[PDB]
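Asks: Handing you this structure, nothing more for now.
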Amino acid sequence: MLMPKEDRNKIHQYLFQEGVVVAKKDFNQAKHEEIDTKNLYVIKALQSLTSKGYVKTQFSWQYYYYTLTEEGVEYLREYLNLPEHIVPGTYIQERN
Amino acid sequence: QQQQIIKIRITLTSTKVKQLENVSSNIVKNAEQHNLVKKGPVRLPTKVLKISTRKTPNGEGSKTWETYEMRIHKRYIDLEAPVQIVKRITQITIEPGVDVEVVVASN
Amino acid sequence: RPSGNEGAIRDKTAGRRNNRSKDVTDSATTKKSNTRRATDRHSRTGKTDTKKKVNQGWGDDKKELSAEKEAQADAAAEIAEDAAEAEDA
Amino acid sequence: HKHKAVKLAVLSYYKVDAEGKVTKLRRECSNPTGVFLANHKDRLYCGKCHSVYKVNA
Amino acid sequence: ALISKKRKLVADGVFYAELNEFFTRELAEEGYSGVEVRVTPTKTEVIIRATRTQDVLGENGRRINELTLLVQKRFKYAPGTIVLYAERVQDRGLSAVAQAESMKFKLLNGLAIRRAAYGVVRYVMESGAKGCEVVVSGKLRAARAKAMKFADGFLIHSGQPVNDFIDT
Amino acid sequence: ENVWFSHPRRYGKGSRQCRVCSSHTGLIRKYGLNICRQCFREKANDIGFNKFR
RNA sequence: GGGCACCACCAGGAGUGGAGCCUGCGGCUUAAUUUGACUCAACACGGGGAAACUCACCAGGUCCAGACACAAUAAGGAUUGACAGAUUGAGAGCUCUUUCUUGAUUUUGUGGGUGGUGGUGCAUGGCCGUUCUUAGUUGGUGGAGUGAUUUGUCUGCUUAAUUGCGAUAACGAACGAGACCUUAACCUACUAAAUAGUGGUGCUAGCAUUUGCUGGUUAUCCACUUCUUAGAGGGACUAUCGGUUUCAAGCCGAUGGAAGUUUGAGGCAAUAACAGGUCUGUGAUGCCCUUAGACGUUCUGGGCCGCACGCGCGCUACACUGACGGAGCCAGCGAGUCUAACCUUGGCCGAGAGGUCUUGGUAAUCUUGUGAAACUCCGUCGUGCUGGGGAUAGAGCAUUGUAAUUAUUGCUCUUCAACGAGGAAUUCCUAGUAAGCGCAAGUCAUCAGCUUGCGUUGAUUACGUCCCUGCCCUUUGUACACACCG
Ligand SMILES: [Mg+2]
Ligand SMILES: [Mg+2]
Ligand SMILES: [Mg+2]
Ligand SMILES: [Mg+2]
Ligand SMILES: [Mg+2]
Ligand SMILES: [Mg+2]
Ligand SMILES: [Mg+2]
Ligand SMILES: [Mg+2]
Ligand SMILES: [Mg+2]
Ligand SMILES: [Mg+2]
Ligand SMILES: [Mg+2]
Ligand SMILES: [Mg+2]
Ligand SMILES: [Mg+2]
Ligand SMILES: [Mg+2]
Ligand SMILES: [Mg+2]
Ligand SMILES: [Mg+2]
Ligand SMILES: [Mg+2]
Ligand SMILES: [Mg+2]
Ligand SMILES: [Mg+2]
Ligand SMILES: [Mg+2]
Ligand SMILES: [Mg+2]
Ligand SMILES: [Mg+2]
Ligand SMILES: [Mg+2]
């Protein structure tokens, strides 16, 4: 999975600060909705996250619902060096 | 604003005639207890959306066809009505399964 | 010796005039005959799966007493737990 | 198939401090990475401005 | 939005179908039973009928903010335009989808077919139903498949009363 | 990147697919449905299409 | 032995089988001519009208979209690309020379995944087809039998029906049928409508006359609902009266009625099955196969259209009950774009196909009164394979499309083939039905000889029977129970 660190961080930042991802199973869409990388990159990175835990995945009519888990919300702080234990991201952050 | 009649029209569309007539009777009841002048519920021809698909997933069998169909029932009500107390009663009293749309006509 | 599309117009044996002289092979008026369904009641796999394979896979007929006498009580326990978690406690 | 690399320090640009002396040479191109590229037969080929390129080696 | 009412009502039916299958796949362990979409002015309300409504609502906003965000992102609603409530189904033993989804994890946990099937047939029957029928079709360690039925009570099979009173 | 989807699929069977299962053949595109005729029979009561006559 | 049914016959209709094309199957051919399906229940079927895509096949070319874990590795180093020059499809850095470049994202092994229109539908689900659109299936209590079982669930009559009457060791029930639902038919009775229509006329206005035919405006009119629409209802229950039957279910006739064929037509449709079809509809799926010189995926080109021939569904015909031309002129079910170019009126250009400028329409509003075709009237033909037929083939003009060659399709001129009503055989059909006729929808960028529906014109013949075929029931025989393919 050659994908730049700049691109990988924009899936991981969106998954942290917004909680879930939806991506149509159409590789070479060349732009995910509201992530500024490739849709293949989004699917490819969140599957890589899913395989080590950290993300649950449903398919349901060609759309790959990706949901962050409790081990993943710690992993997105630890390796990615985002601020520690102060940012929930995002399920109880503003709305409760 | 000062009880000036502004000639709105409520368009009521649904696939369910019971709830659609519930909404239509509610609007006509409100406009009659408010002594509004109205052109009443005009009921358009029902759109029978027919889809004749093939009953089998295969080719094998007697050639049997299915006419699945959805009916669209549509009505409209013209209301020469004040601007505030009638936009209030069309903001409230929304049934599920029935889609409303309110258009003001000055033509 | 030129051949190709240019050799197609030079090549003999190709064409209606000299195909029409040769006789039709007799296999063209035959039939496939039913994909071996002439004895489909007779099982041709050669398994003939035994009494144990159906009396221990889906069970035998005599084990219904063990099944439903215990299936009487689990639904009653489901009713008891549903009255327990419905609005009580 | 893809790529084989060579162990290297100096990219055609000798030494900026040679016993207290700059010993740079080799008229460059307009790459800010300058950097010194392929020449088959009196023809340089650019590396960042390989899209539009005017004067070569 | 400028589409015809035919295509708009058809597309709302498709949105119902997609939402219903998404909740069927997502809320399997959580005892899902149905969804109703209420299109109010200025917001749409998605109401989930599920037995384990506390498992649907999760742990203090977990698992219900996730579903609200997932639905609004796939169907591209503005944030706050869609809200997604969950109200529990009353009389669980008359929802055929809840009974079938209960049997599914009963058999996936390794419980006997006749035991699970009679255990939901009589659960429906003394949940207050006129009748119940469970058909199980398939194979079990065997190279031959058989369908076996488990019926109790009064059933009907033909007519508009099937669309009225039969839940399949 | 070079030639991966370089062929135009703006039209034809391969331009569209079923939204449920991505099947180009047997699709219904009446009323903008884009469901194959095998999945439409499964979902047809959820869409709103009922057998009446 | 008795029943039932135009997927059977009678009486007839329309045909098909013969011709030419269209399409599907087999075979042959091929690099590939992808494949499933073979009596009904394979063969215009897989919604399968395939230029590319679809596509599964063939000749080639990329890419990894090989997670994750472990060990090496990449700090020894892993991706990219400007040439040109080839064995190149090639502006594919696919290699290879040349070099630089973003550099723990990778790479290479082992495990393990993932993908597959790859196999097994005889491992399965689900769906569908068939028995069977037939009328069948079951238990409570009682009777018979040691029992498996049997009666009920039947001799007769009746029904479309295990529908009912009736007989009666059975009585009383449940599913299926029926009831139900959707549609069609009636409603000068109700609620109404500038998204339907009508009448006066606020107001006009035209032509011909002494009021006929129209045009046009709804805080730049009023009134009404007959026609139109759709809500709630009414209505038929074989009503009434004869006949007939065991005065029983019923049936037949007449009168009335919008309707007296279950009022017409469907939708749903039990128990038991089939080794029926589908793993090639799915992110339905066990197991197996393959997994980087791939059976993944993409691209380029071809094939699915290849033709000595056999068969099936059709279209066009063999003409005068017609062809041609001019004129008349009437439907209904649909569908339609800003989530981007759909249905297109009007004007102009063009012989035509079409082009072009605009416009209305997210639709009872506009395309659209879909001014449809058959048909009707008046003419040309004149029994001649002719002016029937329009196959084949040539040249040209356009449209769709990135691309039309193996003619996509459309149009114009020309070529003008068999076919003179079809052996053996065989299909469908009982009244707005058969049949003739076009239109809309489906798939569709383009392409309908197809299908699903819709209306237009609208018969002949029976209101029956078991003679053929199929199915059901009873009795009988059985050494069959894997059940005569025994
Ligand atoms: Mg019934
Ligand atoms: Mg019925
Ligand atoms: Mg005859
Ligand atoms: Mg004919
Ligand atoms: Mg013929
Ligand atoms: Mg072939
Ligand atoms: Mg096979
Ligand atoms: Mg493949
Ligand atoms: Mg698959
Ligand atoms: Mg008894
Ligand atoms: Mg009996
Ligand atoms: Mg009887
Ligand atoms: Mg008796
Ligand atoms: Mg009326
Ligand atoms: Mg078989
Ligand atoms: Mg297919
Ligand atoms: Mg290809
Ligand atoms: Mg073919
Ligand atoms: Mg004429
Ligand atoms: Mg009309
Ligand atoms: Mg074609
Ligand atoms: Mg068409
Ligand atoms: Mg077809």
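For the structure tokens, the naming scheme is as follows: chains receive sequential letters (A, B, ...) according to their order of presentation, residues are indexed from 1 within each chain, and ligands are indexed from 1 in presentation order.
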Which residues are near ligand 2 in this structure, taking near to mean any atom at most 8 Å from a ligand atom and counting only C-alpha atoms (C1' of nucleotides) and all ligand atoms? Format them as a ChimeraX atom specification.
Replies: /E:158-159 /G:177-180,268-269
Asks: Those same residues - C-alpha atoms (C1' of nucleotides) - I'd like them written as a PDB file, in the first residue's frame.
Replies:
ATOM      1  CA  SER E 158     -54.163 -16.893   0.341  1.00  0.00           C
ATOM      2  CA  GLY E 159     -55.814 -13.528  -0.104  1.00  0.00           C
TER       3      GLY E 159
ATOM      4  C1'   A G 177     -61.481 -23.317  -3.147  1.00  0.00           C
ATOM      5  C1'   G G 178     -64.754 -19.501  -1.922  1.00  0.00           C
ATOM      6  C1'   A G 179     -64.821 -15.072   0.916  1.00  0.00           C
ATOM      7  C1'   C G 180     -60.532 -11.231   0.153  1.00  0.00           C
ATOM      8  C1'   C G 268     -52.633 -13.824  -3.432  1.00  0.00           C
ATOM      9  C1'   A G 269     -52.963 -19.004  -3.498  1.00  0.00           C
TER      10        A G 269
END
Asks: Show which residues sit within 6 Å of residue E:132, as a list in words. Count only C-alpha atoms (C1' of nucleotides), and ignore same-chain residues fewer than 6 positions away.
Replies: residues 121, 151 and 152 of chain E
Asks: Using N, CA, C and O atoms, can you write the selected residues to a file as a PDB file, in the first residue's frame?
Replies:
ATOM      1  N   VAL E 121     -41.582 -20.881  18.127  1.00  0.00           N
ATOM      2  CA  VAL E 121     -42.966 -21.118  17.730  1.00  0.00           C
ATOM      3  C   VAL E 121     -43.892 -20.967  18.926  1.00  0.00           C
ATOM      4  O   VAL E 121     -44.889 -20.238  18.865  1.00  0.00           O
ATOM      5  N   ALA E 151     -45.241 -25.921  12.978  1.00  0.00           N
ATOM      6  CA  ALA E 151     -46.435 -25.101  12.941  1.00  0.00           C
ATOM      7  C   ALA E 151     -47.187 -25.226  14.253  1.00  0.00           C
ATOM      8  O   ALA E 151     -47.135 -26.260  14.923  1.00  0.00           O
ATOM      9  N   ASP E 152     -47.876 -24.153  14.621  1.00  0.00           N
ATOM     10  CA  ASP E 152     -48.785 -24.200  15.759  1.00  0.00           C
ATOM     11  C   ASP E 152     -49.878 -23.172  15.540  1.00  0.00           C
ATOM     12  O   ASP E 152     -49.584 -21.995  15.316  1.00  0.00           O
TER      13      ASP E 152
END
Asks: Show which residues sit within 12 Å of residue D:2, as a PDB file with C-alpha atoms (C1' of nucleotides), in the first residue's frame. Count only C-alpha atoms (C1' of nucleotides), and ignore same-chain residues fewer than 2 positions away.
Replies:
ATOM      1  CA  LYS D   4      18.474   0.025  -9.058  1.00  0.00           C
ATOM      2  CA  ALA D   5      20.362   2.667  -7.099  1.00  0.00           C
TER       3      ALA D   5
ATOM      4  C1'   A G  78      11.540   1.189  -2.152  1.00  0.00           C
ATOM      5  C1'   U G  79       8.188   4.194  -5.819  1.00  0.00           C
ATOM      6  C1'   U G  80       8.271   7.956 -10.142  1.00  0.00           C
ATOM      7  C1'   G G  81       9.486   9.911 -14.885  1.00  0.00           C
ATOM      8  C1'   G G  93       9.092   4.519 -18.061  1.00  0.00           C
ATOM      9  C1'   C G  94       6.175  -2.432 -19.681  1.00  0.00           C
ATOM     10  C1'   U G  95      11.589  -3.107 -19.853  1.00  0.00           C
ATOM     11  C1'   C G  96      16.385  -1.527 -21.274  1.00  0.00           C
ATOM     12  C1'   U G 107      10.314  -4.676  -1.259  1.00  0.00           C
TER      13        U G 107
END
Asks: Using only C-alpha atoms (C1' of nucleotides) and all ligand atoms, determine which residues fall within 8 Å of ligand 15, then list them as a list in words.
Replies: residues 37 and 40 of chain C; 121, 122, 275 and 276 of chain G
Asks: Filtering to N, CA, C and O atoms (P, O5', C5', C4', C3', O3' and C1' of nucleotides), could you give me those residues as a PDB file, in the first residue's frame?
Replies:
ATOM      1  N   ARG C  37     -30.372 -37.370 -18.266  1.00  0.00           N
ATOM      2  CA  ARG C  37     -31.509 -37.378 -17.353  1.00  0.00           C
ATOM      3  C   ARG C  37     -32.450 -38.542 -17.632  1.00  0.00           C
ATOM      4  O   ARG C  37     -33.600 -38.516 -17.176  1.00  0.00           O
ATOM      5  N   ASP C  40     -32.518 -40.178 -14.048  1.00  0.00           N
ATOM      6  CA  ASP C  40     -32.192 -39.256 -12.959  1.00  0.00           C
ATOM      7  C   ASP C  40     -32.763 -39.703 -11.615  1.00  0.00           C
ATOM      8  O   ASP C  40     -32.278 -39.250 -10.571  1.00  0.00           O
TER       9      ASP C  40
ATOM     10  P     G G 121     -23.763 -29.992 -10.922  1.00  0.00           P
ATOM     11  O5'   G G 121     -24.671 -29.587  -9.699  1.00  0.00           O
ATOM     12  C5'   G G 121     -24.931 -28.229  -9.396  1.00  0.00           C
ATOM     13  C4'   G G 121     -26.277 -28.105  -8.755  1.00  0.00           C
ATOM     14  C3'   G G 121     -27.459 -28.277  -9.696  1.00  0.00           C
ATOM     15  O3'   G G 121     -28.529 -28.789  -8.922  1.00  0.00           O
ATOM     16  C1'   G G 121     -27.594 -26.198  -8.678  1.00  0.00           C
ATOM     17  P     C G 122     -29.225 -30.181  -9.275  1.00  0.00           P
ATOM     18  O5'   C G 122     -28.365 -31.266  -8.495  1.00  0.00           O
ATOM     19  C5'   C G 122     -28.016 -31.077  -7.134  1.00  0.00           C
ATOM     20  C4'   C G 122     -26.903 -31.995  -6.698  1.00  0.00           C
ATOM     21  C3'   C G 122     -25.584 -31.881  -7.465  1.00  0.00           C
ATOM     22  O3'   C G 122     -24.504 -32.031  -6.554  1.00  0.00           O
ATOM     23  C1'   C G 122     -26.337 -34.107  -7.506  1.00  0.00           C
ATOM     24  P     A G 275     -36.719 -36.312 -10.282  1.00  0.00           P
ATOM     25  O5'   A G 275     -35.163 -36.005 -10.224  1.00  0.00           O
ATOM     26  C5'   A G 275     -34.396 -36.336  -9.071  1.00  0.00           C
ATOM     27  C4'   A G 275     -33.921 -35.088  -8.382  1.00  0.00           C
ATOM     28  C3'   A G 275     -32.970 -34.232  -9.211  1.00  0.00           C
ATOM     29  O3'   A G 275     -33.300 -32.852  -9.068  1.00  0.00           O
ATOM     30  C1'   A G 275     -31.967 -34.779  -7.137  1.00  0.00           C
ATOM     31  P     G G 276     -32.885 -31.785 -10.198  1.00  0.00           P
ATOM     32  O5'   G G 276     -33.589 -32.249 -11.545  1.00  0.00           O
ATOM     33  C5'   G G 276     -34.984 -32.173 -11.721  1.00  0.00           C
ATOM     34  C4'   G G 276     -35.379 -31.135 -12.738  1.00  0.00           C
ATOM     35  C3'   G G 276     -34.458 -29.924 -12.891  1.00  0.00           C
ATOM     36  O3'   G G 276     -33.478 -30.116 -13.897  1.00  0.00           O
ATOM     37  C1'   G G 276     -36.632 -29.191 -12.393  1.00  0.00           C
TER      38        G G 276
END
Asks: Which residues are near stretch 50-52 of chain C? Cut-off 12 Å, only C-alpha atoms (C1' of nucleotides), ignore same chain within fewer than 2 positions. Put them as number ranges by chain.
Replies: C: 46-48, 54-61; E: 141-144
Asks: I need the chosen residues saved as a CSV table (one decimal), in the first residue's frame, with N, CA, C and O atoms.
Replies:
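The resulting file, again_4.csv, is reproduced below:
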chain,number,residue,atom,x,y,z
C,46,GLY,N,-22.9,-42.6,-6.8
C,46,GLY,CA,-22.3,-43.8,-6.2
C,46,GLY,C,-22.0,-43.6,-4.7
C,46,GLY,O,-21.2,-44.4,-4.2
C,47,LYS,N,-22.7,-42.6,-4.1
C,47,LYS,CA,-22.6,-42.5,-2.6
C,47,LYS,C,-23.6,-43.3,-1.9
C,47,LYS,O,-23.2,-44.2,-1.2
C,48,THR,N,-24.9,-43.1,-2.2
C,48,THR,CA,-26.0,-43.7,-1.5
C,48,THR,C,-25.9,-43.6,0.0
C,48,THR,O,-25.7,-44.6,0.7
C,54,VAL,N,-27.8,-39.5,7.8
C,54,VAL,CA,-29.0,-38.7,7.9
C,54,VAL,C,-29.6,-38.8,9.3
C,54,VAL,O,-30.4,-37.9,9.6
C,55,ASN,N,-29.3,-39.8,10.1
C,55,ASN,CA,-29.8,-40.0,11.4
C,55,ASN,C,-28.9,-39.3,12.5
C,55,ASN,O,-29.2,-39.3,13.7
C,56,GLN,N,-27.7,-38.9,12.1
C,56,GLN,CA,-26.8,-38.1,12.9
C,56,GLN,C,-26.4,-36.8,12.4
C,56,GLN,O,-25.8,-36.0,13.1
C,57,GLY,N,-26.8,-36.4,11.2
C,57,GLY,CA,-26.5,-35.1,10.7
C,57,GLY,C,-27.7,-34.1,10.9
C,57,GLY,O,-27.5,-33.1,11.5
C,58,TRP,N,-28.9,-34.5,10.5
C,58,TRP,CA,-30.1,-33.9,10.9
C,58,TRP,C,-30.8,-34.6,12.0
C,58,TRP,O,-31.9,-34.2,12.4
C,59,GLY,N,-30.2,-35.6,12.6
C,59,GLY,CA,-30.8,-36.4,13.7
C,59,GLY,C,-31.8,-37.4,13.2
C,59,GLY,O,-32.2,-37.4,12.1
C,60,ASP,N,-32.1,-38.4,14.1
C,60,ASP,CA,-33.0,-39.4,13.8
C,60,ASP,C,-34.4,-39.0,14.2
C,60,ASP,O,-34.6,-37.9,14.8
C,61,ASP,N,-35.4,-39.8,14.0
C,61,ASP,CA,-36.8,-39.4,14.3
C,61,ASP,C,-37.1,-39.6,15.8
C,61,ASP,O,-38.0,-38.9,16.3
E,141,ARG,N,-24.2,-31.4,8.2
E,141,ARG,CA,-23.2,-32.4,8.1
E,141,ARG,C,-23.6,-33.5,7.1
E,141,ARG,O,-23.2,-34.7,7.2
E,142,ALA,N,-24.5,-33.2,6.1
E,142,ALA,CA,-25.2,-34.2,5.3
E,142,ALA,C,-25.1,-33.8,3.9
E,142,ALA,O,-25.3,-32.6,3.6
E,143,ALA,N,-24.9,-34.7,3.0
E,143,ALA,CA,-24.9,-34.4,1.5
E,143,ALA,C,-26.3,-34.3,0.9
E,143,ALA,O,-26.4,-34.3,-0.3
E,144,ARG,N,-27.3,-34.2,1.7
E,144,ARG,CA,-28.7,-34.1,1.2
E,144,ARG,C,-29.4,-33.1,2.1
E,144,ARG,O,-29.2,-33.0,3.3
Asks: Taking the backbone alone, and naming residues the way the document does, which bits of chain A are strand (DSSP E) by DSSP, as an NGL selection string?
Replies: :A and (20-22 or 55-58 or 65-68)
Asks: Go through the chains and note each residue within 7 Å of ligand 1, using only C-alpha atoms (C1' of nucleotides) and all ligand atoms, then give the set as a PyMOL selection string.
Replies: (chain E and resi 156-158) or (chain G and resi 175-176)
Asks: Could you work out how far atom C1' of residue G:305 lies from atom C1' of residue G:33, giving the answer in Å with one decimal?
Replies: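 About the pair atom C1' of residue G:33 and atom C1' of residue G:305: they are 9.9 Å apart.
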Asks: Could you tell me, as a ChimeraX atom specification, which residues of stretch 51-157 of chain E DSSP assigns to helix (DSSP H, G or I) when given the backbone?
Replies: /E:53-57,65-74,92-94,96-108,113-125
Asks: Which residues are close to residue F:18, i.e. within 6 Å by only C-alpha atoms (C1' of nucleotides), leaving aside same-chain residues fewer than 6 positions away? Reply as a VMD selection string.
Replies: chain F and resid 34 to 36
Asks: Let me see the file: selected residues, N, CA, C and O atoms, as a PDB file, in the first residue's frame.
Replies:
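Everything below was put into selection.pdb:
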ATOM      1  N   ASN F  34     -32.203   1.975 -11.112  1.00  0.00           N
ATOM      2  CA  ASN F  34     -30.865   1.379 -11.219  1.00  0.00           C
ATOM      3  C   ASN F  34     -30.690   0.201 -10.266  1.00  0.00           C
ATOM      4  O   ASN F  34     -29.708   0.104  -9.533  1.00  0.00           O
ATOM      5  N   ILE F  35     -31.667  -0.692 -10.271  1.00  0.00           N
ATOM      6  CA  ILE F  35     -31.594  -1.956  -9.552  1.00  0.00           C
ATOM      7  C   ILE F  35     -31.795  -3.047 -10.591  1.00  0.00           C
ATOM      8  O   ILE F  35     -32.546  -2.853 -11.547  1.00  0.00           O
ATOM      9  N   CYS F  36     -31.088  -4.161 -10.457  1.00  0.00           N
ATOM     10  CA  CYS F  36     -31.314  -5.253 -11.391  1.00  0.00           C
ATOM     11  C   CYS F  36     -32.673  -5.882 -11.141  1.00  0.00           C
ATOM     12  O   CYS F  36     -33.256  -5.734 -10.070  1.00  0.00           O
TER      13      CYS F  36
END
Asks: In Å, with one decimal, what is the gap from atom 1 (Mg, counted along the ligand's line) of ligand 5 to atom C1' of residue G:26?
Replies: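 Pair atom 1 (Mg, counted along the ligand's line) of ligand 5 / atom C1' of residue G:26 returns 18.2 Å.
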Asks: Output the contact residues of chain E with respect to chain B at a cut-off of 8 Å, based on only C-alpha atoms, as a list in words.
Replies: residues 5, 6, 9, 37, 38, 39, 40 and 41 of chain E
Asks: For the selection you just gave me, I'd like the residues written to a file as a PDB file, in the first residue's frame, keeping N, CA and C atoms.
Replies:
ATOM      1  N   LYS E   5     -42.406  14.099  -9.243  1.00  0.00           N
ATOM      2  CA  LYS E   5     -42.926  13.410  -8.067  1.00  0.00           C
ATOM      3  C   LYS E   5     -42.872  11.898  -8.194  1.00  0.00           C
ATOM      4  N   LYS E   6     -42.983  11.360  -9.414  1.00  0.00           N
ATOM      5  CA  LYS E   6     -42.783   9.932  -9.639  1.00  0.00           C
ATOM      6  C   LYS E   6     -41.394   9.497  -9.206  1.00  0.00           C
ATOM      7  N   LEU E   9     -40.794  10.066  -5.256  1.00  0.00           N
ATOM      8  CA  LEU E   9     -41.359   9.041  -4.393  1.00  0.00           C
ATOM      9  C   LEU E   9     -40.699   7.688  -4.601  1.00  0.00           C
ATOM     10  N   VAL E  37     -39.140   6.316   8.372  1.00  0.00           N
ATOM     11  CA  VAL E  37     -38.520   7.590   8.046  1.00  0.00           C
ATOM     12  C   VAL E  37     -39.616   8.644   8.005  1.00  0.00           C
ATOM     13  N   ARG E  38     -39.543   9.615   8.911  1.00  0.00           N
ATOM     14  CA  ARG E  38     -40.495  10.716   8.966  1.00  0.00           C
ATOM     15  C   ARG E  38     -39.820  11.953   8.396  1.00  0.00           C
ATOM     16  N   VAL E  39     -40.338  12.454   7.280  1.00  0.00           N
ATOM     17  CA  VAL E  39     -39.765  13.626   6.618  1.00  0.00           C
ATOM     18  C   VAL E  39     -40.576  14.828   7.087  1.00  0.00           C
ATOM     19  N   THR E  40     -40.139  15.423   8.189  1.00  0.00           N
ATOM     20  CA  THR E  40     -40.699  16.678   8.659  1.00  0.00           C
ATOM     21  C   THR E  40     -40.096  17.817   7.847  1.00  0.00           C
ATOM     22  N   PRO E  41     -40.669  19.018   7.911  1.00  0.00           N
ATOM     23  CA  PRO E  41     -39.926  20.188   7.440  1.00  0.00           C
ATOM     24  C   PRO E  41     -38.669  20.402   8.268  1.00  0.00           C
TER      25      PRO E  41
END
Asks: Which residues sit within 12 Å of ligand 17, counting only C-alpha atoms (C1' of nucleotides) and all ligand atoms, listed as a PyMOL selection string?
Replies: (chain F and resi 7+14) or (chain G and resi 51-60+297-303)
Asks: Have a look at atom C1' of residue G:370 and atom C1' of residue G:348 and let me know their distance in Å, one decimal.
Replies: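 Separating atom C1' of residue G:370 from atom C1' of residue G:348 is a distance of 24.7 Å.
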